[PDB]
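Just one chain follows, in the form deposited in one PDB entry, and it is written as structure tokens.
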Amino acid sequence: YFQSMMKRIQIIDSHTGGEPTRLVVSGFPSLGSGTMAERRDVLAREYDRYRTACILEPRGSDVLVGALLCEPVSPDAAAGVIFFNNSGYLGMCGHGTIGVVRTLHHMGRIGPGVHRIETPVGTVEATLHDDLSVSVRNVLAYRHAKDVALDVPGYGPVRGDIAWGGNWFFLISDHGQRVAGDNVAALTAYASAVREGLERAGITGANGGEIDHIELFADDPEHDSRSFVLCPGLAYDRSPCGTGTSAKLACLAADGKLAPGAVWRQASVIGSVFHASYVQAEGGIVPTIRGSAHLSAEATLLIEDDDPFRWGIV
């Protein structure tokens, strides 16, 4: 019923292990009634300024990940979601699905139990536990290649795995870097160089898929592993990375290093933790990631018609 000359975008912000999720409850344009993938294509092609308004400065930051709530195609699903970041659109998003599901509870839309969530890479099954933690049974994960040699410009040779966990990842253990929260500047520079190296080498996932997430793994006395993860827009993931941990489990499974049902405890560069396990499937594994999200803001974004930076600063 408001009539002033501005758009209102209703959002609820949460974070999962420190990684933010900006849930868009209302205010984006219609994207039609097709699959989440088809809607993502319309959003990206026709209405990308809505992403930038929500994610980029002045209203956002390069770290943020957004989640657009959509009516799902199947009436058996709780929701559809399209995830996006400072550079573009994600496939699946583990930390974000945890955030969305926790947020839907706060909105009074769901209770504890199993909830199907449609995404541009397929439907996932999220269990909202009685403690309000969330387990996300992800799409199929698999390793495309193992121990791929790469000369990292400015640093020297490494070996990495290429794997899909709902996004494409390059996974490295022999990077020679110090994985710690006080070292994220150097880690960001290193991982950015890795990605430049993959591009130069023409190294890709299946069917030429761009490898746009980089994971650096390290031993951790308190957990199974700690990682630093560089995301497609060159911000790092504050969380253990749900899709990246899914990809890691595909590698561990294929190497006989983690049995089905066994729990893997993955820490992020800042010390937050996800619990993960998998079952075998045809062509890969089906991993489940469990973590917690906390609410951090309820807001209405205001997009004033006369504001030259209404769609963000690009």
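A residue's number is simply how far along the shown sequence it sits, counting from 1.
- Across the two stretches, 282-290 and 244-252, the PDB entry reports the greater mean Cα temperature factor for 282-290.
- Here the stretch with the larger average CA B-factor, out of 69-77 and 167-175, is 69-77.
- Ranking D151, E215, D161, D237 by Cα temperature factor from the entry places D151 first.
- Residues shown: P120, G94, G233, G181. Highest C-alpha temperature factor in the entry: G181.
- Annotation for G99: CA B-factor lies in the lowest third of the chain's modelled residues.
- In this PDB entry, the Cα temperature factor of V273 sits in the bottom third of its chain's modelled residues, the lowest group.
- In the PDB entry, a CA B factor belonging to the middle third of its chain's modelled residues is recorded for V114.
- In this PDB entry, the Cα temperature factor of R51 sits in the bottom third of its chain's modelled residues, the lowest group.
- For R200, the recorded CA temperature factor ranks within the highest third of the chain's modelled residues.
The same protein has a further form, the form solved in complex with a small molecule, not shown here; the description that follows concerns it.
- In the deposited bound form, no heavy atom of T119 sits within 4.5 Å of the small molecule.
- The small molecule is not shown here, but in the deposited bound form it comes within 4.5 Å of a heavy atom of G94.
- Using a 4.5 angstroms threshold between heavy atoms, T245 counts as touching the small molecule in the deposited bound form.
- By the criterion of a heavy atom within 4.5 Å, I98 is counted among the residues contacting the small molecule in the deposited bound form.
- Contact with the small molecule, judged by heavy atoms within 4.5 Å in the deposited bound form, is confined among 38-46, 57-65, 24-32, 245-253 to 245-253.
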